[PDB]
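Novice: Got input-v5.cif for you, mmCIF, N, CA and C atoms:
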data_data
loop_
_atom_site.label_atom_id
_atom_site.label_comp_id
_atom_site.auth_asym_id
_atom_site.auth_seq_id
_atom_site.Cartn_x
_atom_site.Cartn_y
_atom_site.Cartn_z
N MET N 1 -8.48 22.83 -36.98
CA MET N 1 -7.29 22.81 -37.87
C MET N 1 -6.24 21.81 -37.37
N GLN N 2 -5.42 21.33 -38.29
CA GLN N 2 -4.33 20.42 -37.95
C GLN N 2 -3.04 21.26 -37.73
N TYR N 3 -2.33 20.95 -36.62
CA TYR N 3 -1.03 21.56 -36.24
C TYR N 3 0.04 20.47 -36.17
N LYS N 4 1.29 20.87 -36.47
CA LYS N 4 2.42 19.96 -36.45
C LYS N 4 3.46 20.41 -35.43
N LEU N 5 4.12 19.44 -34.81
CA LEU N 5 5.21 19.71 -33.88
C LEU N 5 6.43 18.98 -34.44
N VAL N 6 7.53 19.71 -34.63
CA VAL N 6 8.81 19.17 -35.02
C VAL N 6 9.69 19.19 -33.78
N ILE N 7 10.24 18.04 -33.42
CA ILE N 7 11.13 17.97 -32.25
C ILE N 7 12.57 17.79 -32.75
N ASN N 8 13.40 18.81 -32.53
CA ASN N 8 14.82 18.76 -32.92
C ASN N 8 15.66 18.64 -31.59
N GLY N 9 15.60 17.43 -30.99
CA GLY N 9 16.31 17.15 -29.76
C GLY N 9 17.70 16.57 -29.96
N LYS N 10 18.45 16.45 -28.87
CA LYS N 10 19.82 15.88 -28.92
C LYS N 10 19.80 14.37 -29.19
N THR N 11 18.83 13.75 -28.54
CA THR N 11 18.62 12.33 -28.57
C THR N 11 17.29 11.88 -29.23
N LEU N 12 16.31 12.77 -29.31
CA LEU N 12 15.04 12.45 -29.95
C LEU N 12 14.77 13.42 -31.09
N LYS N 13 14.50 12.89 -32.29
CA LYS N 13 14.16 13.69 -33.47
C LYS N 13 12.86 13.08 -34.05
N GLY N 14 11.88 13.96 -34.46
CA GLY N 14 10.69 13.48 -35.15
C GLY N 14 9.64 14.55 -35.32
N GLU N 15 8.42 14.08 -35.62
CA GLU N 15 7.28 14.94 -35.86
C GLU N 15 6.01 14.30 -35.30
N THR N 16 5.04 15.12 -34.91
CA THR N 16 3.73 14.62 -34.52
C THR N 16 2.71 15.68 -34.92
N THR N 17 1.44 15.31 -34.84
CA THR N 17 0.35 16.20 -35.21
C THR N 17 -0.75 16.11 -34.18
N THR N 18 -1.56 17.17 -34.10
CA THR N 18 -2.73 17.18 -33.25
C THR N 18 -3.81 18.02 -33.92
N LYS N 19 -5.06 17.77 -33.56
CA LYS N 19 -6.17 18.54 -34.07
C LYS N 19 -6.58 19.51 -32.95
N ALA N 20 -6.76 20.81 -33.25
CA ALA N 20 -7.16 21.77 -32.27
C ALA N 20 -7.94 22.94 -32.89
N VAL N 21 -8.76 23.61 -32.08
CA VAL N 21 -9.46 24.78 -32.53
C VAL N 21 -8.62 26.04 -32.72
N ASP N 22 -7.53 26.19 -31.95
CA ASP N 22 -6.68 27.37 -32.07
C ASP N 22 -5.22 27.01 -31.71
N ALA N 23 -4.29 27.96 -32.01
CA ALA N 23 -2.89 27.70 -31.80
C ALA N 23 -2.55 27.59 -30.33
N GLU N 24 -3.17 28.40 -29.50
CA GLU N 24 -2.87 28.36 -28.06
C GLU N 24 -3.16 27.00 -27.36
N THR N 25 -4.36 26.44 -27.70
CA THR N 25 -4.72 25.13 -27.15
C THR N 25 -3.70 24.07 -27.64
N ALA N 26 -3.30 24.12 -28.93
CA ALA N 26 -2.25 23.17 -29.44
C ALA N 26 -0.99 23.40 -28.59
N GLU N 27 -0.78 24.58 -28.04
CA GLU N 27 0.44 24.80 -27.26
C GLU N 27 0.42 24.05 -25.94
N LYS N 28 -0.68 24.12 -25.22
CA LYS N 28 -0.82 23.37 -23.96
C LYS N 28 -0.66 21.85 -24.15
N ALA N 29 -1.27 21.29 -25.22
CA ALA N 29 -1.15 19.85 -25.47
C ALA N 29 0.31 19.47 -25.81
N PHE N 30 0.95 20.23 -26.73
CA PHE N 30 2.32 19.93 -27.13
C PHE N 30 3.31 20.11 -25.98
N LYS N 31 3.10 21.07 -25.09
CA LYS N 31 4.02 21.20 -23.94
C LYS N 31 3.92 19.96 -23.05
N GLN N 32 2.73 19.38 -22.94
CA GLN N 32 2.54 18.17 -22.15
C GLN N 32 3.25 16.98 -22.79
N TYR N 33 3.07 16.80 -24.09
CA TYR N 33 3.72 15.70 -24.82
C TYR N 33 5.25 15.77 -24.65
N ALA N 34 5.84 16.94 -24.86
CA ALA N 34 7.29 17.16 -24.68
C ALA N 34 7.76 16.79 -23.28
N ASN N 35 7.01 17.20 -22.26
CA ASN N 35 7.38 16.87 -20.88
C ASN N 35 7.32 15.35 -20.61
N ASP N 36 6.28 14.65 -21.11
CA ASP N 36 6.16 13.20 -20.90
C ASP N 36 7.32 12.43 -21.54
N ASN N 37 7.97 13.03 -22.55
CA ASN N 37 9.08 12.34 -23.24
C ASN N 37 10.46 12.92 -22.91
N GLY N 38 10.56 13.87 -21.99
CA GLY N 38 11.86 14.36 -21.55
C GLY N 38 12.56 15.38 -22.43
N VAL N 39 11.82 16.14 -23.22
CA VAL N 39 12.38 17.16 -24.10
C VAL N 39 12.10 18.53 -23.51
N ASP N 40 13.16 19.33 -23.59
CA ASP N 40 13.10 20.67 -23.03
C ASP N 40 13.93 21.68 -23.85
N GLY N 41 13.18 22.79 -24.01
CA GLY N 41 13.78 23.80 -24.87
C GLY N 41 13.06 25.10 -25.14
N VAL N 42 13.45 25.69 -26.28
CA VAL N 42 12.91 26.95 -26.73
C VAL N 42 11.81 26.71 -27.79
N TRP N 43 10.70 27.45 -27.68
CA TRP N 43 9.56 27.26 -28.59
C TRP N 43 9.40 28.39 -29.59
N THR N 44 9.09 28.01 -30.84
CA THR N 44 8.80 28.99 -31.89
C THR N 44 7.55 28.55 -32.64
N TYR N 45 6.83 29.52 -33.19
CA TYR N 45 5.60 29.27 -33.94
C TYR N 45 5.57 30.03 -35.25
N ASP N 46 5.20 29.34 -36.33
CA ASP N 46 5.04 29.94 -37.65
C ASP N 46 3.57 29.85 -38.04
N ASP N 47 2.88 30.98 -37.98
CA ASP N 47 1.44 31.01 -38.27
C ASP N 47 1.10 30.61 -39.70
N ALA N 48 2.00 30.84 -40.66
CA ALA N 48 1.69 30.52 -42.09
C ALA N 48 1.59 29.00 -42.34
N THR N 49 2.40 28.22 -41.64
CA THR N 49 2.39 26.72 -41.82
C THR N 49 1.74 26.01 -40.62
N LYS N 50 1.26 26.76 -39.63
CA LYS N 50 0.64 26.15 -38.41
C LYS N 50 1.57 25.10 -37.77
N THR N 51 2.85 25.45 -37.70
CA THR N 51 3.86 24.57 -37.17
C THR N 51 4.59 25.16 -35.97
N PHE N 52 4.68 24.37 -34.90
CA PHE N 52 5.41 24.75 -33.70
C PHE N 52 6.74 23.93 -33.80
N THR N 53 7.88 24.54 -33.47
CA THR N 53 9.16 23.85 -33.46
C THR N 53 9.73 24.01 -32.06
N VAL N 54 10.32 22.93 -31.54
CA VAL N 54 10.97 22.99 -30.24
C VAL N 54 12.43 22.52 -30.53
N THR N 55 13.40 23.40 -30.27
CA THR N 55 14.81 23.09 -30.51
C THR N 55 15.59 23.09 -29.20
N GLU N 56 16.23 21.95 -28.90
CA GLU N 56 17.01 21.75 -27.68
C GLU N 56 18.46 22.15 -27.91
#
When written as structure tokens, how does the structure in this file appear?
Specialist:
Amino acid sequence: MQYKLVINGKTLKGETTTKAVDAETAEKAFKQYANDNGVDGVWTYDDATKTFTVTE
């Protein structure tokens, strides 16, 4: 399935996507992407839209 990440940062705003077998694996990949770009925050997940949001 395709999952989306919305980044609502102070200095960085955008969206990205990844392909994964389950929501948990998409979580490990997205936490890595956020760390490589300097974003840190609180995580939320909406199972109906397969979307993870990180708000700083």
Novice: If you run DSSP on this backbone, which residues of chain N come out as strand (DSSP E), and could you give them as number ranges by chain?
Specialist: N: 2-8, 13-19, 42-46, 51-55
Novice: How would the residues just chosen look if you wrote them out with N, CA and C atoms as a short mmCIF file (atom, residue, chain, number, x, y, z; two decimals), in the frame of the given file?
Specialist:
data_model
loop_
_atom_site.label_atom_id
_atom_site.label_comp_id
_atom_site.auth_asym_id
_atom_site.auth_seq_id
_atom_site.Cartn_x
_atom_site.Cartn_y
_atom_site.Cartn_z
N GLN N 2 -5.42 21.33 -38.29
CA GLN N 2 -4.33 20.42 -37.95
C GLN N 2 -3.04 21.26 -37.73
N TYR N 3 -2.33 20.95 -36.62
CA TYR N 3 -1.03 21.56 -36.24
C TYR N 3 0.04 20.47 -36.17
N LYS N 4 1.29 20.87 -36.47
CA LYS N 4 2.42 19.96 -36.45
C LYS N 4 3.46 20.41 -35.43
N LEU N 5 4.12 19.44 -34.81
CA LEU N 5 5.21 19.71 -33.88
C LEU N 5 6.43 18.98 -34.44
N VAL N 6 7.53 19.71 -34.63
CA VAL N 6 8.81 19.17 -35.02
C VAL N 6 9.69 19.19 -33.78
N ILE N 7 10.24 18.04 -33.42
CA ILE N 7 11.13 17.97 -32.25
C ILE N 7 12.57 17.79 -32.75
N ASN N 8 13.40 18.81 -32.53
CA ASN N 8 14.82 18.76 -32.92
C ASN N 8 15.66 18.64 -31.59
N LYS N 13 14.50 12.89 -32.29
CA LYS N 13 14.16 13.69 -33.47
C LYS N 13 12.86 13.08 -34.05
N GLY N 14 11.88 13.96 -34.46
CA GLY N 14 10.69 13.48 -35.15
C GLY N 14 9.64 14.55 -35.32
N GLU N 15 8.42 14.08 -35.62
CA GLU N 15 7.28 14.94 -35.86
C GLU N 15 6.01 14.30 -35.30
N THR N 16 5.04 15.12 -34.91
CA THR N 16 3.73 14.62 -34.52
C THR N 16 2.71 15.68 -34.92
N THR N 17 1.44 15.31 -34.84
CA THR N 17 0.35 16.20 -35.21
C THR N 17 -0.75 16.11 -34.18
N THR N 18 -1.56 17.17 -34.10
CA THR N 18 -2.73 17.18 -33.25
C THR N 18 -3.81 18.02 -33.92
N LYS N 19 -5.06 17.77 -33.56
CA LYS N 19 -6.17 18.54 -34.07
C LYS N 19 -6.58 19.51 -32.95
N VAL N 42 13.45 25.69 -26.28
CA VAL N 42 12.91 26.95 -26.73
C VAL N 42 11.81 26.71 -27.79
N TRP N 43 10.70 27.45 -27.68
CA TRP N 43 9.56 27.26 -28.59
C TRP N 43 9.40 28.39 -29.59
N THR N 44 9.09 28.01 -30.84
CA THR N 44 8.80 28.99 -31.89
C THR N 44 7.55 28.55 -32.64
N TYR N 45 6.83 29.52 -33.19
CA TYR N 45 5.60 29.27 -33.94
C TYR N 45 5.57 30.03 -35.25
N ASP N 46 5.20 29.34 -36.33
CA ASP N 46 5.04 29.94 -37.65
C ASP N 46 3.57 29.85 -38.04
N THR N 51 2.85 25.45 -37.70
CA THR N 51 3.86 24.57 -37.17
C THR N 51 4.59 25.16 -35.97
N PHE N 52 4.68 24.37 -34.90
CA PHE N 52 5.41 24.75 -33.70
C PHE N 52 6.74 23.93 -33.80
N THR N 53 7.88 24.54 -33.47
CA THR N 53 9.16 23.85 -33.46
C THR N 53 9.73 24.01 -32.06
N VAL N 54 10.32 22.93 -31.54
CA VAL N 54 10.97 22.99 -30.24
C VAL N 54 12.43 22.52 -30.53
N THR N 55 13.40 23.40 -30.27
CA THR N 55 14.81 23.09 -30.51
C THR N 55 15.59 23.09 -29.20
#
Novice: Using DSSP secondary structure from the backbone, list all alpha helix (DSSP H) positions within chain N, as a list in words.
Specialist: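 So the alpha helix (DSSP H) residues in chain N would be residues 23, 24, 25, 26, 27, 28, 29, 30, 31, 32, 33, 34, 35 and 36 of chain N.
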Novice: Suppose a student applies the PyMOL selection byres ((chain N and resi 52) around 7) to this structure; what residues should they get, written as a ChimeraX atom specification?
Specialist: /N:3-7,43-46,49-51,53-54
Novice: Taking the file above as input, evaluate the PyMOL selection byres ((chain N and resi 22-38) around 8) and report the hits as a list in words.
Specialist: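 Going through the file, the PyMOL selection byres ((chain N and resi 22-38) around 8) ends up selecting residues 1, 3, 5, 18, 19, 20, 21, 39, 40, 41 and 50 of chain N.
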Novice: Report, in Å to a single decimal, how far apart atom CA of residue N:15 and atom C of residue N:2 are.
Specialist: 12.2 Å
Novice: Using the incomplete input, complete stretch 8-27 of chain N to the level of N, CA, C and O atoms; output as a PDB file, in the coordinates of the input.
Specialist:
ATOM      1  N   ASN N   8      13.400  18.810 -32.530  1.00  0.00           N
ATOM      2  CA  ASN N   8      14.820  18.760 -32.920  1.00  0.00           C
ATOM      3  C   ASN N   8      15.660  18.640 -31.590  1.00  0.00           C
ATOM      4  O   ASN N   8      16.305  19.592 -31.149  1.00  0.00           O
ATOM      5  N   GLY N   9      15.600  17.430 -30.990  1.00  0.00           N
ATOM      6  CA  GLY N   9      16.310  17.150 -29.760  1.00  0.00           C
ATOM      7  C   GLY N   9      17.700  16.570 -29.960  1.00  0.00           C
ATOM      8  O   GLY N   9      18.081  16.232 -31.086  1.00  0.00           O
ATOM      9  N   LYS N  10      18.450  16.450 -28.870  1.00  0.00           N
ATOM     10  CA  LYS N  10      19.820  15.880 -28.920  1.00  0.00           C
ATOM     11  C   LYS N  10      19.800  14.370 -29.190  1.00  0.00           C
ATOM     12  O   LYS N  10      20.629  13.820 -29.902  1.00  0.00           O
ATOM     13  N   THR N  11      18.830  13.750 -28.540  1.00  0.00           N
ATOM     14  CA  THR N  11      18.620  12.330 -28.570  1.00  0.00           C
ATOM     15  C   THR N  11      17.290  11.880 -29.230  1.00  0.00           C
ATOM     16  O   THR N  11      17.193  10.738 -29.689  1.00  0.00           O
ATOM     17  N   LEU N  12      16.310  12.770 -29.310  1.00  0.00           N
ATOM     18  CA  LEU N  12      15.040  12.450 -29.950  1.00  0.00           C
ATOM     19  C   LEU N  12      14.770  13.420 -31.090  1.00  0.00           C
ATOM     20  O   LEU N  12      14.740  14.631 -30.888  1.00  0.00           O
ATOM     21  N   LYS N  13      14.500  12.890 -32.290  1.00  0.00           N
ATOM     22  CA  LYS N  13      14.160  13.690 -33.470  1.00  0.00           C
ATOM     23  C   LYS N  13      12.860  13.080 -34.050  1.00  0.00           C
ATOM     24  O   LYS N  13      12.771  11.868 -34.241  1.00  0.00           O
ATOM     25  N   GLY N  14      11.880  13.960 -34.460  1.00  0.00           N
ATOM     26  CA  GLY N  14      10.690  13.480 -35.150  1.00  0.00           C
ATOM     27  C   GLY N  14       9.640  14.550 -35.320  1.00  0.00           C
ATOM     28  O   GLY N  14       9.906  15.749 -35.215  1.00  0.00           O
ATOM     29  N   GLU N  15       8.420  14.080 -35.620  1.00  0.00           N
ATOM     30  CA  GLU N  15       7.280  14.940 -35.860  1.00  0.00           C
ATOM     31  C   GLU N  15       6.010  14.300 -35.300  1.00  0.00           C
ATOM     32  O   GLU N  15       5.864  13.074 -35.346  1.00  0.00           O
ATOM     33  N   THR N  16       5.040  15.120 -34.910  1.00  0.00           N
ATOM     34  CA  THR N  16       3.730  14.620 -34.520  1.00  0.00           C
ATOM     35  C   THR N  16       2.710  15.680 -34.920  1.00  0.00           C
ATOM     36  O   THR N  16       3.068  16.793 -35.307  1.00  0.00           O
ATOM     37  N   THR N  17       1.440  15.310 -34.840  1.00  0.00           N
ATOM     38  CA  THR N  17       0.350  16.200 -35.210  1.00  0.00           C
ATOM     39  C   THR N  17      -0.750  16.110 -34.180  1.00  0.00           C
ATOM     40  O   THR N  17      -0.946  15.074 -33.545  1.00  0.00           O
ATOM     41  N   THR N  18      -1.560  17.170 -34.100  1.00  0.00           N
ATOM     42  CA  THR N  18      -2.730  17.180 -33.250  1.00  0.00           C
ATOM     43  C   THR N  18      -3.810  18.020 -33.920  1.00  0.00           C
ATOM     44  O   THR N  18      -3.504  18.922 -34.702  1.00  0.00           O
ATOM     45  N   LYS N  19      -5.060  17.770 -33.560  1.00  0.00           N
ATOM     46  CA  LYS N  19      -6.170  18.540 -34.070  1.00  0.00           C
ATOM     47  C   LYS N  19      -6.580  19.510 -32.950  1.00  0.00           C
ATOM     48  O   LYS N  19      -6.751  19.083 -31.802  1.00  0.00           O
ATOM     49  N   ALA N  20      -6.760  20.810 -33.250  1.00  0.00           N
ATOM     50  CA  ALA N  20      -7.160  21.770 -32.270  1.00  0.00           C
ATOM     51  C   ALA N  20      -7.940  22.940 -32.890  1.00  0.00           C
ATOM     52  O   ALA N  20      -7.734  23.265 -34.062  1.00  0.00           O
ATOM     53  N   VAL N  21      -8.760  23.610 -32.080  1.00  0.00           N
ATOM     54  CA  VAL N  21      -9.460  24.780 -32.530  1.00  0.00           C
ATOM     55  C   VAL N  21      -8.620  26.040 -32.720  1.00  0.00           C
ATOM     56  O   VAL N  21      -8.952  26.874 -33.564  1.00  0.00           O
ATOM     57  N   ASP N  22      -7.530  26.190 -31.950  1.00  0.00           N
ATOM     58  CA  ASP N  22      -6.680  27.370 -32.070  1.00  0.00           C
ATOM     59  C   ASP N  22      -5.220  27.010 -31.710  1.00  0.00           C
ATOM     60  O   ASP N  22      -4.919  25.908 -31.238  1.00  0.00           O
ATOM     61  N   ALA N  23      -4.290  27.960 -32.010  1.00  0.00           N
ATOM     62  CA  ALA N  23      -2.890  27.700 -31.800  1.00  0.00           C
ATOM     63  C   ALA N  23      -2.550  27.590 -30.330  1.00  0.00           C
ATOM     64  O   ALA N  23      -1.711  26.776 -29.943  1.00  0.00           O
ATOM     65  N   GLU N  24      -3.170  28.400 -29.500  1.00  0.00           N
ATOM     66  CA  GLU N  24      -2.870  28.360 -28.060  1.00  0.00           C
ATOM     67  C   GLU N  24      -3.160  27.000 -27.360  1.00  0.00           C
ATOM     68  O   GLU N  24      -2.346  26.472 -26.611  1.00  0.00           O
ATOM     69  N   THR N  25      -4.360  26.440 -27.700  1.00  0.00           N
ATOM     70  CA  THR N  25      -4.720  25.130 -27.150  1.00  0.00           C
ATOM     71  C   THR N  25      -3.700  24.070 -27.640  1.00  0.00           C
ATOM     72  O   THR N  25      -3.228  23.260 -26.836  1.00  0.00           O
ATOM     73  N   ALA N  26      -3.300  24.120 -28.930  1.00  0.00           N
ATOM     74  CA  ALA N  26      -2.250  23.170 -29.440  1.00  0.00           C
ATOM     75  C   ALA N  26      -0.990  23.400 -28.590  1.00  0.00           C
ATOM     76  O   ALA N  26      -0.188  22.462 -28.456  1.00  0.00           O
ATOM     77  N   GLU N  27      -0.780  24.580 -28.040  1.00  0.00           N
ATOM     78  CA  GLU N  27       0.440  24.800 -27.260  1.00  0.00           C
ATOM     79  C   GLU N  27       0.420  24.050 -25.940  1.00  0.00           C
ATOM     80  O   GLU N  27       1.389  23.369 -25.606  1.00  0.00           O
TER      81      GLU N  27
END
